[PDB]
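To keep things clear, I will list the structure first and then write my remarks on it.
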Amino acid sequence: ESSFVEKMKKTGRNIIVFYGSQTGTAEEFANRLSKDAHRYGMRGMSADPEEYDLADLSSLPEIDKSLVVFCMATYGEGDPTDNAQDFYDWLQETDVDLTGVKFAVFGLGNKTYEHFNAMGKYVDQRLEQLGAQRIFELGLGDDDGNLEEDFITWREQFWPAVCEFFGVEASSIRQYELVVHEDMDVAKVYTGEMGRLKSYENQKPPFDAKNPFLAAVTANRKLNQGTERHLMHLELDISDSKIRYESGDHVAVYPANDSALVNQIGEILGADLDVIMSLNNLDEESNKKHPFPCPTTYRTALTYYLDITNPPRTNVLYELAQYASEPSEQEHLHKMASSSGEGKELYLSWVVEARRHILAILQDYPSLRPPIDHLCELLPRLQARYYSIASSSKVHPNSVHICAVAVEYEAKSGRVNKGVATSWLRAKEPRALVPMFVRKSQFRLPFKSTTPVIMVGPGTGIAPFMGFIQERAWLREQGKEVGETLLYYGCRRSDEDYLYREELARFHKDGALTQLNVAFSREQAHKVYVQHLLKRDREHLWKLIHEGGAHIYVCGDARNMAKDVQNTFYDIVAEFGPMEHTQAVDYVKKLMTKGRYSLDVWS
Ligand SMILES: Cc1cc2nc3c(=O)[nH]c(=O)nc-3n(C[C@H](O)[C@H](O)[C@H](O)COP(=O)(O)OP(=O)(O)OC[C@H]3O[C@@H](n4cnc5c(N)ncnc54)[C@H](O)[C@@H]3O)c2cc1C
Ligand SMILES: NC(=O)c1ccc[n+]([C@@H]2O[C@H](COP(=O)([O-])OP(=O)(O)OC[C@H]3O[C@@H](n4cnc5c(N)ncnc54)[C@H](OP(=O)(O)O)[C@@H]3O)[C@@H](O)[C@H]2O)c1
Ligand SMILES: Cc1cc2nc3c(=O)[nH]c(=O)nc-3n(C[C@H](O)[C@H](O)[C@H](O)COP(=O)(O)O)c2cc1C
C-alpha cells in the first residue's frame, strides 16, 4: 500500500532505482537502469524518493535477492535535490539498522563545483554506516566533460557485478552485426584515416583533430646520455598547414599500434586479418553507425582504430567469458567482474597491476579464442597522445618540437610492454609521417616581457619551458626589455638524464635564463628536489611574486611533483605574508584566476 517494499511484492520486483533529479537527467537514468533489470532474470521499477518513505528500506531483506540503486544529482552547496531532501534529512537524523540491504549509488555532478557529488558520496557512505552492503563501487558522474559516458561506463560494469554477486545470468547480445565484402573499390576502403575518406592521401586544409595533418619527422634524437632510459627530441614539420601554435600548447598525435603486436593476434586467434569488412549498428536509428571508420580490414582496425594495449575493463573480460573452451578459465574471466572479494583482488592483481594487455590475456588463457569481429567491438578506441611543445612559434614556426620519454618496462606479467605513442615515435626515421594536430591552451607567457617568469619543471617537464626560454631569448635579441626569467629543473644525475644541457647552459650564458637552478636527485647521498631549491630561494622568490608581479609555471607529473611544489609556495606566501595556511592558499587561488600561476601537469 505505502511501504515501497510491499508495492514490489505485488508487482514481482526485486530491484528499485531511486532518481534524485531536479532537471531530468537522474530519472532518465534511474529508469534506463531498471529497464535493463529485465535482461538479467530480474525486473525493477524506478521510483522517486519524495513519495514512499525510505525508512522502509529495512523491509528490503524480505524480497529475495533484492537491491536498491540510487541516482542522486547534486545541487548548490552539496544540497540534495528537492525530492531527495526528505530522504536526506532522514539519512542524518536516523539510526535505523539497514542490515542485509544491498545497494549501490551513482551520483551526478560537475567537477567545476566545490562540493562535487557531495550527495552521491554521502547517500553512499551513509548507508554503509547504517549497515548496508555496497554491491558496486560509487559512481562519480561528471557532467562538466561527459556524463553519458561515466554512466554508460558505470552501468557497463555494474550489471556483470550484480550477476557475479546475486547469481543472475546474461545472454551475449552483440551491438554490431558483421558484413564482409567481396569487391569494394580499394579507394573506398578505410586504411588508417581518421575522418575524411582519404584525407591521409590528399591532405586538404583546415587541419585539426577531425582531420589531422601528417607532419614529417625532420630530426629525431636521443636527448639523454644515460642508458637506462630513452628521452628523445622530435621535430615535426608543419610547413603548409597554416597550423599556428604558441609556446605552451599541446600537440596530439595519432599512433599506430605495434605491427608485431597486431599481427601476433590474428595468429593465436586463427583469423584472416585482411578481410575488408564492416560493423553495422543493430540500431539503424542512431549516429554510431560503426565502432571505427568502415569499411576496413581488421588489420587496419587493430592498428589505427583499436586499443589492444591498455588492460581490458572487467566487463570486456566478462563478455569474452564465453569464448573460453575450458570450464576453469571461463570461471575466472567471469569473476574479474566481481564487485569485491578475491575475484576483484585477482583482477587488480592479475590484470591491472601485472599489466596484461589483450594479447597477453589470449596467451595466458589459451582455451579462450573469441571470433575476431566480436572482439573488435568489445575493445575501446585507440586514443591520441598529447605532448607539450618544446618549440617557440616565434622561432621555427614550422617545426613543432616534442620532448618525451619512451615507455618500455619489464611488466609483472613476464613480457616487456612498450608504449604505443612513444615506441611508434621512436622508430620514425628522419618520408616518415606523424598524424597530428594542436590543442590550443591557456599556457602562455606574459604579454609584457618585463614581467618576471618562474618556471618549475623537472624531467620531461622541462618541455614547455624550452619553448618559453626561446621566445624570451628572442624578445631580448629583438630590442624589447625582458624581466627576470628563473628556471627550476631536476633529474637523477648529470651524466645520466640532464636534458638539454648545452641548449640550456647556453641560454644562461647569454641572458635568456637569469638563473638555472638544477636539482639533481641522485648525485649525492640523499635526494634533492626542485621544491627544496624554491624553499632556499623563498627569499628572492617572494619579492618576484609579490612586488615583481611574476607569473609561475609548474609542469611535469601531476602525482607528487605538482603537489609538493605548490605546497612550498603556500609555505612561502605564508611566511612572507604573513598569513595562516588558508590565507596563503587563497593568495595562490586568486593567482590562478589571474593567470600568474598555471599548471601543465600530467600523469
Ligand atoms: C596534456 C598532456 C601532456 C603530455 N606531455 C608529455 C610530454 O611532454 N612528454 C612525455 O613523455 N609524455 C607526455 N604525456 C604522457 C604521454 O602522452 C604518454 O603517456 C607517454 O608517451 C607513454 O606512451 P603512450 O603514449 O604510448 O603510452 P602507453 O603505451 O599507453 O602507456 C602509458 C601507461 O604505461 C604504464 N606504465 C608506464 N611505466 C610503467 C611501469 N614502470 N610499470 C607499469 N606500467 C607502466 C601506465 O599504466 C601508463 O598509464 C602527456 C599527457 C597529457 C595528458
Ligand atoms: N611508485 C613509484 O616508484 C614512482 C615514483 C615517482 C614517479 N613514478 C612514475 O614515473 C613518472 C615520472 O615521470 P618521468 O619519468 O618523466 O620523470 P623523471 O624524468 O624520471 O623524473 C623527474 C624528476 O622528478 C623527481 N621526483 C620524483 N618524485 C618527486 C616528488 N614527490 N617531488 C619532487 N620531485 C620528484 C625525480 O626523482 P627520482 O627519479 O629520484 O624519484 C626526477 O629528478 C610518474 O608519472 C609516475 O607515475 C613512480
Ligand atoms: C545551480 C546548480 C548547482 C549545481 N551544483 C553542483 C554541485 O555543487 N556539485 C556537483 O557535483 N554538481 C553540481 N551541479 C551539476 C548537476 O548535479 C548535474 O548537471 C546533474 O546532471 C543534474 O541532474 P538532474 O538533471 O538529474 O537533476 C549543479 C547544477 C546547477 C544547475
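The residues of chain A that appear here are 66-235, 240-499, 506-678 by Swiss-Prot count, in order.
Backbone N, Cα and C atoms are what each Cβ position is placed from, and that goes for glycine too.
Per Swiss-Prot, the NADP(+) site holds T535, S596, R597, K602, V603, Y604, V605, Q606, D639; the candidate it also names there, chosen from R243, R265, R290, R298, is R298. Of the listed candidates (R424, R547, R551, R613), Swiss-Prot assigns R424 to the same FAD site as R454, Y455, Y456, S457, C472, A473, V474, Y478, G488, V489, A490, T491, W677.
Among the binding-site residues listed (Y178, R298, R424, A473, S596, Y604), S596, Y604 have a CB atom closer than 6 Å to some atom of ligand 2, in sequence order. Here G89 (FMN binding site) is positioned 40 angstrom away from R424 (FAD binding site), judged by their C-alpha atoms. Checked against ligand 1, the binding-site residues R424, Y455, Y478, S596 give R424, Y455, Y478 as the ones with a Cβ under 6 Å from it, listed in sequence order.
Counted over every protein chain shown, other Cβ atoms within 10 Å are most numerous around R424 among the binding-site residues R424, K602. When the Cα of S457 (FAD binding site) is compared against those of the binding-site residues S86, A138, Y178, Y604, the shortest separation belongs to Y604. Considering other CB atoms within 10 Å as the measure, the emptiest surroundings among the binding-site residues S86, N175, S457, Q606 are those of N175. Least crowded of the binding-site residues (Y178, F181, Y455, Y478, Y604), judged by neighbouring Cβ atoms within 10 Å of its own Cβ: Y478.
Under DSSP, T491 (FAD binding site) is assigned to a helix (H, G or I) in the three-state scheme.
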